[PDB]
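> This is the structure I have questions about; it appears just below.
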Amino acid sequence: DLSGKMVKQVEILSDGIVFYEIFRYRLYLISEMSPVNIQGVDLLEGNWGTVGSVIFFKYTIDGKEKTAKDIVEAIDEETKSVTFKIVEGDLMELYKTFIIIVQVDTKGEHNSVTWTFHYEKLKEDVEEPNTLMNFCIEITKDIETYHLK
Ligand SMILES: [Cl-]
Ligand SMILES: [Cl-]
């Protein structure tokens with residue numbers, strides 16, 4: 001079974017509405033808020049915050065520069081969810097397919113962000129994407145603590 005899944009939910013200090021705003025409509029702000037991790041988010045096709053938009057990421061993992069091109073496969077405004085499909089990039093040297101879902105819970109008094117990965121490894125030997133999940137969690141923490149009082 002080359003297929004895998006990972007799920008991590010974290011509680012956040014900041015407004016879930018703003019977190020989803022960023023992930024849906026203003027993804028480029030992550031370069032500002034997590035500049036060690038994300039160097040560029042560049043829209044290639046479509047419009048920010050729409051299904052089918054195509055986005056290019058310049059990012060760094062363990063000090064090494066990587067790129068990905070993703071398509072926004074799905075949006076659910078009611079559940080504050082967005083689904084990214086990796087279509088090109090460094091990850092495709094390890095994974096045949098890779099999808100990342102970000103979903104924000106803005107009830108009740110606590111807000112949280114859940115990251116879900118669905119992937120298929122090219123080979124049985126390929127590592128599970130723990131390092132990427134740590135990355136996504138770090139980005140989350142960088143957003144929630146950006147320019148705090
Ligand atoms: Cl950017
Ligand atoms: Cl749409």
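Bear in mind that the values in this text are calculations on the coordinates, not laboratory data. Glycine gets a Cβ as well: all are built from the backbone with ideal geometry, and neighbour counts include every protein chain shown.
> Could you check, for the range 1-18, whether at least one of its residues is surrounded by 15 or more Cβ atoms within 10 Å (Cβ to Cβ) and within 15 Å of ligand 2 (Cβ to nearest atom)?
no
> Only one of these is under 12 Å from the mean Cα position of the chain (by Cα), away from ligand 1 (no atom under 16 Å from the Cβ) and of a type outside the set (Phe, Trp, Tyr): 75, 61, 86, 55. Name it.
From the options 75, 61, 86, 55, the qualifying one is 86.
> Could you run through the range 7-52 and say how many residues are more than 14 Å from residue 80 (Cβ to Cβ) and β-branched (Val, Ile, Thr)?
Of the residues in that region, 8 qualify.
> Restricting to the range 51-64, give me the number of residues that are more than 16 Å from ligand 2 (Cβ to nearest atom), in contact with an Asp or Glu (Cβ under 6 Å, 6 or more places away or on another chain) and of a type in the set (A, V, I, L, M).
0
> Only residues in the range 33-50 that are over 23 Å from residue 138 (Cα atoms) and away from ligand 2 (no atom under 14 Å from the Cβ) count as the first member; pair them with residues that are part of a strand (DSSP E or B) and aromatic (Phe, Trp, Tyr), Cβ under 6 angstrom, at least 6 apart or cross-chain, and list the lot.
Note: pairs meeting the criteria are 44/56.
> Before we move on, is residue 4 more than 13 Å from the chain's Cα centre (by Cα) and within 14 Å of ligand 1 (Cβ to nearest atom)?
no
> A follow-up question, please. Which one is farthest from ligand 1 (Cβ to nearest atom) among residues in the range 7-46 that are among the aromatic types (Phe, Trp, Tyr) and assigned to a loop (DSSP other than H, G, I, E, B)?
Per the criteria, the residue is 25.
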